[PDB]
Each structure stands twice: as structure tokens, then as C-alpha cells.
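Contents: one structure, followed by commentary.
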Amino acid sequence: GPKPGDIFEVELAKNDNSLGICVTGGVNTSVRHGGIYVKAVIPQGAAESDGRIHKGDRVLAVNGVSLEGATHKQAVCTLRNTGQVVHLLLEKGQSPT
Ligand SMILES: *CC(=O)Nc1ccc(/N=N\c2ccc(NC(=O)C*)c(S(=O)(=O)O)c2)cc1S(=O)(=O)O
Numbered sequence: 007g008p009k010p011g012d013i014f015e016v017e018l019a020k021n022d023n024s025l026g027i028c029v030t031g032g033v034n035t036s037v038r039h040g041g042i043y044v045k046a047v048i049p050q051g052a053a054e055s056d057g058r059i060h061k062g063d064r065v066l067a068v069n070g071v072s073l074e075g076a077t078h079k080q081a082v083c084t085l086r087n088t089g090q091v092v093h094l095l096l097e098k099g100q101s102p103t
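Numbering-wise (our numbering), the sequence shown opens with residue 7 and increments by one.
Okay, here's the thing in C-alpha cells:
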């Protein structure tokens, strides 16, 4: 598989179903690393259906936009405001599934 600490890109299509993602992190929200961790995933929502993204996975960028620094609300509203195919950048070292 990909190595731990591997930066990998996922293009998540919202083809199957609604996004059904939420995130946490930001300015030193609950999570210490402030990483934009996936907070919730709707069962068989786009992330879960795609199987690549799950809860606890950490996003850093969104279509080339460093989401780091931003608050958890922007992080959610960002996904919520993104389109069908979105380029998500994630780095390994995420929580278990
Ligand atoms: C998984 C999760 O946490 N989802 C969540 C959490 C809280 C709410 N309640 N109110 C709310 C609505 C909408 C927004 N932001 C945008 O619409 C861009 C916020 S936030 O900005 O404070 O996060 C809060 C809703 C939801 S939802 O089920 O994802 O709508």
C-alpha cells in the first residue's frame, strides 16, 4: 500500500450520492495537530461509497487551497460549497477506520 506519511491526492466525485462529509480541525480546535480531520461520514455518502476517504482522515488542501489555518466552519462550508469532482489532498497518518 502507500507508505505512512505519504501525501496522496484523492479526487472525490459526488456522483454516487451527496457529499455526506463533515470535518473538524482548524485554529487548534479539539484536535491538537489542528488537521482538518474528517469528523463524520454519512453511511454510503460520497466519501464512504468511494471508500478512499473515511472518518478520521486528514485533509490539508482542497483544490489547491490550503484549508489549514481556516476554522472548522470554513472547512465544512468548503466541502459543502465544492462541486462534483474536487481535488482533495490528504497525507497519511490518519486515524483508524
Ligand atoms: C457532521 C456535522 O458536524 N454536520 C453539521 C453540524 C452542525 C450543523 N448545524 N448548524 C450549521 C449549519 C451549517 C453550517 N455551515 C455551512 O452551511 C457552510 C454550520 S458551521 O459553519 O457552524 O459548521 C453549522 C449542521 C451540520 S450539516 O448536517 O452538515 O449541515
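Cβ coordinates follow ideal geometry from the N, Cα and C atoms, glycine included.
Distance cut-off 7 angstroms: residue i Cβ against heavy atoms of ligand 1
{"i": "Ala19", "result": "no"}
{"i": "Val92", "result": "no"}
{"i": "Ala46", "result": "yes"}
{"i": "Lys79", "result": "yes"}
{"i": "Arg86", "result": "yes"}
Cβ separation of residue i and residue j, assumed to be a contact under 8 angstroms, to the nearest whole Å
{"i": "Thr30", "j": "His78", "result": "5 angstroms"}
{"i": "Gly51", "j": "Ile13", "result": "Contact flag wrong, Cβ pair sits at about 24 angstroms."}
{"i": "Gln90", "j": "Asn21", "result": "7 angstroms"}
{"i": "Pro10", "j": "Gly99", "result": "6 angstroms"}
Coil, strand or helix - residue i by DSSP
{"i": "residue 5", "result": "This structure cannot speak to residue 5, because the chain is shown only from 7 to 103."}
{"i": "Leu85", "result": "helix"}
{"i": "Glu54", "result": "helix"}
{"i": "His60", "result": "coil"}
{"i": "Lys45", "result": "strand"}
Distance CB(residue i)-CB(residue j) smaller than 8 angstroms
{"i": "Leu18", "j": "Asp63", "result": "no"}
{"i": "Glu54", "j": "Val65", "result": "no"}
{"i": "residue 105", "j": "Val71", "result": "The requested residue 105 is not part of the displayed model; the chain covers only 7 to 103."}
{"i": "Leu96", "j": "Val16", "result": "yes"}
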